[PDB]
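Here the structure comes first, spelled out in structure tokens, and everything after it is commentary.
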Amino acid sequence: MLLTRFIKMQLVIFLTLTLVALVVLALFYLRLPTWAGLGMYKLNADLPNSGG
Amino acid sequence: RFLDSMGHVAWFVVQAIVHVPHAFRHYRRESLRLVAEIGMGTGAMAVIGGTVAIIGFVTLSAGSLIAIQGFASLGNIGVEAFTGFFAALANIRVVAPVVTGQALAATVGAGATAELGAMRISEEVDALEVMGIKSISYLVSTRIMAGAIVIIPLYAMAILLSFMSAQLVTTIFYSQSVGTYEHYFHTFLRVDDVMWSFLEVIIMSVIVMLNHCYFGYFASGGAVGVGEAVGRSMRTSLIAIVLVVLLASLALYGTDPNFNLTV
Amino acid sequence: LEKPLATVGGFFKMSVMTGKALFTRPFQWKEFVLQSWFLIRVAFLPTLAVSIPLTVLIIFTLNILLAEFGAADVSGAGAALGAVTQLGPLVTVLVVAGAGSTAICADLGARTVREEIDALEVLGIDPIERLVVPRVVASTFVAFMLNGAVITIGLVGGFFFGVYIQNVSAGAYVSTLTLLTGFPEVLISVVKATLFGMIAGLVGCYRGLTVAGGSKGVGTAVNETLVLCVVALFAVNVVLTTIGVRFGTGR
Amino acid sequence: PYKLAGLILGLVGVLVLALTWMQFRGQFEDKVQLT
Amino acid sequence: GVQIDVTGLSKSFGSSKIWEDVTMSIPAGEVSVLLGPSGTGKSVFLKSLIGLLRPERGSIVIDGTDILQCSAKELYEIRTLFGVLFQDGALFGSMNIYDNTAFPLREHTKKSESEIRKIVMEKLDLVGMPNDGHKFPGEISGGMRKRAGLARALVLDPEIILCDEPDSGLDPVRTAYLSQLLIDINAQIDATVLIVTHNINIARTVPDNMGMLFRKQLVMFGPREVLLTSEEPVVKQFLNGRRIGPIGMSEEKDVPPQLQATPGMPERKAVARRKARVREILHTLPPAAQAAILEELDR
Amino acid sequence: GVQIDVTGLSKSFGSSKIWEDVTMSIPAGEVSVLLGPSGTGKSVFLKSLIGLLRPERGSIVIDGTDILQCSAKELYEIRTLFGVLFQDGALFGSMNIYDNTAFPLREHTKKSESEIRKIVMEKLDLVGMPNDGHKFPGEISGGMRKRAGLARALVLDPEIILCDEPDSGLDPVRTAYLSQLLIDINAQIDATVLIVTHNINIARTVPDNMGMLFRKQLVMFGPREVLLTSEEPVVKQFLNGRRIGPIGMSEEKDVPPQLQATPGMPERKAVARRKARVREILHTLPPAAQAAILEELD
Amino acid sequence: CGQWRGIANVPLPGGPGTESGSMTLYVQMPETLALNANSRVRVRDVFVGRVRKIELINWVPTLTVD
């Protein structure tokens, strides 16, 4: 049923647009690897006072 | 009357929600067709890009407005390097969700209301009931599933284009340095705000699709009544989107504003 | 591109004829009054219901961000600024394109499919002068008044919300309203409102007079009317905002 | 059963409003007062 | 009642053509009927004769003035002599029946209010709505809508009347009532009534002249006698509602005693001139048709 | 086909009432036609016989199961032996003629693609559209819409078929073609056809049984032999299209030989049963009607 | 209308000094340093009052404090 090959073109172009938009927003605009901590190691420090 | 009207819409939304698994397991092809239709528009609006193009244009306009007014005011005061950060806190919080919601309401909601009203007038709802097919499950639940599937890419594109427009307007038209803008933006933007905004937008889109499908499913008065259905559905969508964003922002940042500059 | 360009040319020709009828033929007081009241009654309650939560949200965001910044005494200033330069015109755009433009398009489509336009035409009456001109004038008048009401209600609601919830100072609010707002801002707001009303009325009337009949013609006409109004009003708002901030109060 | 679902929807709306008001006022979290 | 001369008229929507070369001559005061298979665009033709549409070619000479060339300023007077009834009546929903009828009188003439009231009441009573003038178009039936549209078209004393499908959405009894009313008005006013319909009960009893459109062409036009006794396959098939012949399954693949005016109504003048023109055509007619028409005229 | 037995039906939209009291007995396998003036609510009656509307009282007993009060699963099982021909076809514009035709037997039957294609093509050739299966509902005329609606209503081999104003938007010639197709359909699959209309060609050549609605009531129902020779003023007036009679100008004031099936078709079994029923009824008619019917039977 | 001094100088409701039992004082300042009405009256740096009117009588500014 259906599969008119015109709806399929719309579906694939929409999926490509979705993937590109999500990757660009997550990498270059939100920096998800930095927010999560990808490629980053943890360090600690002790302060006499916070200093704000 | 008023209580009965509320009960009618409550019954409609309950019936549409409970039939989502049935549509998911039995109407996959209809869901894919509706997803393609919503993502690429229909009619004479599908040649200009459909819902994607309208969302993009309106979000670009909103981001341009934010960047222009913010840079103007901050330059007049003098502290104009904050614009970047300001722009972020204008997009995620109050502008981009509401504007994307209104544009999505207009395009997709009016299209769905028109389609359902046309089917009601053309007696295709009766044709569906004659073949022993759940009309509400076939139409409204499939529309809701398609809208829930399609809202996330649409809002991601809207956020991306609003950020891009604000950055381009600030750092090209007003010739601010890209480094300062990017630093303040990436320093004073929290991904938690973006994720909660995405949840707000998903809830808002589900409510909008429910309201528009309700107005389109119970249309009456021939081809003339479809237009009045679209108008009433649009008014209700405006009110619902604004209320949803207000309540969500009040709940999320009521006690912790999730923003720190001073000590 | 040929078909959209031809439709744009038809819209321009219809608007030109509308202006010629407005400045040449006698005005229709009765139809203007009726359409003004109709547009008021279809877009008054949604106007408040969209403006009040939106201005409350913006005031809440501004107050929390300023309190974290530490300079919460200037909360009124921005509170006025946006509410005169963006919130008013944009709420007017939304509630006019959604309610009044769609209502006008639906009404003229109803008259077209019922052959009332041809009924007017066979009696020698030009449809434009009798119908479109009062509708556009009423749309402009209603948009102007609704923009004024939006700005006033938004300012008062922001004051009450901030003072009675976030414990900001009332004096620091009412005495900083005029800090970044003056005659340029209210003037550009009025210009925006009038232009938005005129454009919305023109697009609604043009789409209503060219409805496709059938069973989905009026619904498609209303949907396209709304989309065109939204896009055009947002573009015009961007242009007018740039022009207005060129003559800014702070500079 | 229209009026039954209308009452359910109204109760859901009122409860959502009350819950978001309490979250805005921070009634859920407990804090101690010092003078 | 005035003559219409349609010559070489053609129309086309897009690349598709509705019809072409519709060469006819609608007489003065004679109820003509245009009929054909549904989907041949016959309301298009009726609308073209007044100027609501623009035919691609041809001419429509009414009272010596070409409609397709005269500017919009002259048309303001040209359409003073018309009266048009639309399918649904095309009334105005914002005003009642009384105002719907009085609208042309309040628009064109400068008559006093009493004169307007007298004319509107007289014309409303003439169509069978004597005390039903205070109602609205949204709360009246289709037949009453057609009656009120006629009463709106009968106040300016027209010289041409165009009726668009006076049978749509009506059962045969009410269609017969409306046809009797149309014969009454053509007897009283002599107002060149032209009717478009695919109905047959209208096409056997009401008209004086008739013509058929088929396959985007006019197969023939003429008086009642020449057509009701014509051995042409298309006309013989359609005028009886048959099944074998030119007319196909759908568009994709392709005498009865004429109605008399009621007693107390003046004599119709269209019958005499129609019979004279029929005698001329009989001079031109084939022998079998000649004999049939001569038998008919001697009754 | 199966017999429908309407009993004491009544409908009302608010204070206004559509009809008052309708009692029928629609015989199995026979084409029946319900007539009346304009605005008598015949399409409401056609809707109610499948349950799309809810009459206030009365009963509509299909087989032995009163469907006016039954569980929704009972209704959805009943409506497999039904078929409705709406005024415009009520096709779905999103899919072509082939998909619109194959939709009912894809939603109900567990058939393969080959058998589905075979039955759909057979039903398309039956309604005379052998190669118009890939076109869309907007690319075809009204008559082709009615053809496709019929072909879609025939795929489930219904025991009842409903037809709503087949004359609407059709000239007399194409209406004659469609009526011939309806008679052929009743001859081949032997399905109880019901038609609501006011067309007089249909009312005088097509049916086997006829009923008349006027002033919100059923004046009478019966076979064509009985009704065509009726002395009742309303029936005689409407069937002869007269102007003088009870029927007013508007709602405010309120024996043809029949047409046989195409040669090559199986014998339309409803003719013999209609003759037998009218022969049994014959002893309760006025003498002139009795004489006319007796002459017609021979 | 005649005494209209702007939206900053209108006495506003709510806050300290508006409830019943609030006392009214007159403060004869030498110069008000462009002070507006609805400003805060502070005792020990605690917001405990509001200034109502800043009228000028015989060229010496007198403040009405609640």
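Every residue, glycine among them, receives a Cβ derived from its backbone with ideal geometry; neighbour counts consider all protein chains shown. Just so it is clear, none of the values below were taken in a lab; they were calculated from the coordinates.
For chain G, I need the span (max minus min coordinate) of the C-alpha atoms along each principal axis, in Å, sorted largest to smallest.
Computed over chain G, the largest-to-smallest principal extents equal 29, 27, 19 Å.
Tell me, what is the FRET efficiency for F:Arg242 and F:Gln217 to the nearest 0.05, using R0 = 22 angstrom and their Cβ-Cβ distance as r?
0.60
Select from E:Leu53, F:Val193, B:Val230 the residue farthest towards the positive end of the dipole of the protein assembly as shown; place +1 on Cβ of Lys and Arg, -1 on Cβ of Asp and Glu, and compute about the Cα centre.
B:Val230
Given the C-alpha centroids of the range B:152-177 and the range E:211-261, what is the distance between them in whole angstrom?
Between the Cα centre of the range B:152-177 and that of the range E:211-261, the gap is 69 Å.
Can you give the extra length, in nm with one decimal, that the chain gains between C:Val16 and C:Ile165 once fully stretched, where that is 0.36 nm per residue apart less the Cα-Cα distance?
The span from C:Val16 to C:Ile165 would gain 48.5 nm if fully extended.
If every alpha-carbon in chain B counts as one equal scatterer, what log10 I(q)/I(0) does Debye give at q = 0.13, 0.16 1/Å?
Cα-only, vacuum Debye calculation for chain B: -0.86, -1.16.
Determine the principal axes of the Cα atoms in the range F:4-297, then give the extent along each, sorted from largest to smallest and rounded to whole angstroms.
In descending order, the Cα extents are 59, 48, 38 Å.
Can you give the average number of partner chain beta-carbon atoms within 10 Å of each beta-carbon in peptide A:21-31, as a whole number?
5
When the Cα atoms of the range F:68-158 are enclosed in a convex hull and the volume is divided per residue, what value in Å³ results?
Per-residue hull volume (Cα only) is 99 Å³.
Along the Cα→Cβ direction, 7 angstrom out, place labels at D:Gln33 and C:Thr194. What is the inter-label distance in nm?
5.7
Tell me, what is a quarter of the convex hull surface for the C-alpha atoms of the range F:1-145, in nm² with one decimal?
Taking the Cα atoms of the range F:1-145, their convex hull projects to 10.8 nm² on average.
What base-10 log of the normalised intensity I(q)/I(0) is obtained for the protein assembly as shown from the Debye formula, alpha carbons as equal point scatterers, at q = 0.07, 0.08 Å⁻¹?
Reported log10 I(q)/I(0), two decimals: -0.84, -1.04.
Net charge near G:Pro13: determine it from the other residues with C-beta under 11 Å of the C-beta of G:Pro13, scoring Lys and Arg +1 and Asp and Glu -1.
Result for the local shell: 0.
Quote the Stokes-Einstein diffusion coefficient, in whole µm² s⁻¹, for the range C:109-251, based on the Kirkwood radius over alpha carbon pairs, a temperature of 37 °C and a viscosity of 0.692 mPa s. Please list the in-between numbers first.
On the way: Rh = 18.2 Å.
Estimated via Stokes-Einstein, D reaches 180 µm²/s.
Rank by packing, highest mean first: peptides E:151-158, B:11-18, F:64-71, with packing defined as the count of other Cβ atoms within 10 Å averaged across residues.
Packing order, densest peptide first, comes out as E:151-158, B:11-18, F:64-71.
Take the eigenvalues of the Cα gyration tensor for the range F:132-247, scale each by 5, and report the square roots as semi-axes in whole Å, largest first.
So the equivalent ellipsoid measures 29, 17, 12 Å along its semi-axes.
Applying a 10 Å radius around every beta-carbon, put B:233-241, F:168-176 in order of their mean neighbour count, most first.
Numbers: B:233-241: 24.8, F:168-176: 22.9.
Per-residue mean Cβ counts within 10 Å order the peptides as B:233-241, F:168-176.
If one computes the Cα centroid of the range E:5-35 and of the range D:1-18, what distance in Å separates the two points?
64
Could you tell me which of the pairs C:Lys3/C:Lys216; C:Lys3/C:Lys192; E:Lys146/E:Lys253; F:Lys11/F:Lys253; E:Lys253/F:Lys118; E:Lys111/E:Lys135 are separated by over 27 angstrom between their Cα atoms in the structure shown? Before the final figure, lay out the partial values.
Working: C:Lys3/C:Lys216 21 Å; C:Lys3/C:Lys192 29 Å; E:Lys146/E:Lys253 34 Å; F:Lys11/F:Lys253 21 Å; E:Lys253/F:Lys118 24 Å; E:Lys111/E:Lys135 24 Å.
As for pairs spanning more than 27 Å Cα to Cα, those are C:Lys3/C:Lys192; E:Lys146/E:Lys253.
Which whole number gives the average count of other chain Cβ atoms within 10 Å of the Cβ atoms across peptide F:32-40?
Taking all residues of F:32-40 together, the mean is 3.
Stokes-Einstein D for chain C at 20 °C, 1.002 mPa s, Kirkwood Rh over Cα pairs, in µm²/s?
110
When Cβ neighbours within 10 Å are restricted to other protein chains, what is their mean count per residue of peptide F:85-96?
The mean count of partner-chain Cβ atoms within 10 Å per residue comes to 4.
I need to check one value: relative contact order of the range F:74-164, counting alpha carbon pairs closer than 8 Å and at least 6 residues apart, in percent.
55
Using the Cα atoms of the range B:113-263 to build a convex hull, what is its mean projected area in square nanometres?
Convex hull of Cα atoms, orientation-averaged projection: 12.4 nm².
So what's the gap between the Cα centers of chain A and the range F:45-79, to the nearest angstrom?
Chain A and the range F:45-79 have Cα centres spaced 56 Å from each other.
Under the rule of at least 5 residues apart or a separate chain, name every residue whose amide H is placed under 5 Å from the amide H of E:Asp171.
Residues meeting the amide H criterion: F:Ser38.
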